[PDB]
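Presented below, as structure tokens, is a lone chain in the form deposited in one PDB entry.
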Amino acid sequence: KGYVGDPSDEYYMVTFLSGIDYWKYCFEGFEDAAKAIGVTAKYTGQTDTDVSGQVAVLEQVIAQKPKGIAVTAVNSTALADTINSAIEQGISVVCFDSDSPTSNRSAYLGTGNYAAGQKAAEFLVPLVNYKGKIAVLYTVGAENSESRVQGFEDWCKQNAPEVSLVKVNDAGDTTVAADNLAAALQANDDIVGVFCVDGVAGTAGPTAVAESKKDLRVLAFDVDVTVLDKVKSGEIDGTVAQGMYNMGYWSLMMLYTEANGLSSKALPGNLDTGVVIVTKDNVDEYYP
């Protein structure tokens, strides 16, 4: 038995908010991984963010007895126990997008958030010519947001010494975010750029900049249709797209390799699927 697989070996991509466009980019790689090893790729998940619901839908995925599940967990600790029972009954499970690291999953395939911040700084800082202040709008307390800010700030400290940052909390709310960004622009007249780290920031960010009536360089995150339209119209300069296709593509490679055993050692633990800066040159490639 090599990589020529059987369409009878079922492999699930278990998600939350199954209907949103984000998972379409991921499953397109998951169902492209299965386009050559030729195994069965199914796409299921809970339609909402409910933790109780996600535990229930993966128990039914486990009930269908698959050789391997690529699952993104709603929480870092909620799917802890339900995924261990799966492994105890001969199921190979990796995690993509959102990881359950305290679990016994074999590998994680997702964005290196610290590295993602460095790449975002590699693009935004030259736009402001390596000088001035850059406002960073992020959710204080969110692990990935803090890692993106740290990578951003660290890149600036090593490569753009004349650049300083002002940290602005969005508090996971668009109304509070736009207010905090408005006050930041009022107190700091040397602000030349705005990095929107999360979704909430990608919404209240441009609004507080437009009301400011200041011409600043804005970089958002992810590929929401609202953000993509701002990139095409020229309201913002770009957005950071996660390697969603890579998350689905390489998840089945590790899952199948573990399912049968075509590698003598355990799989690599972490794959950084990277980020791509979406500008006017490539924004058409990311529209749903």
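Numbers follow the displayed sequence, beginning with 1.
A second form of this protein, the form deposited in another entry, is not displayed here; the remarks below concern that form.
- Figure legend: rigid-body motion between this form and the one not shown; of the candidates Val240, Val149, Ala34, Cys156, the hinge maps to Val240.
- Relative to the displayed conformation, the Cα-Cα distance from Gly29 to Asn282 grows by 3 Å or more in the other form.
- Distance between the C-alpha atoms of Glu28 and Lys280: longer by at least 3 Å in the other form than in the displayed form.
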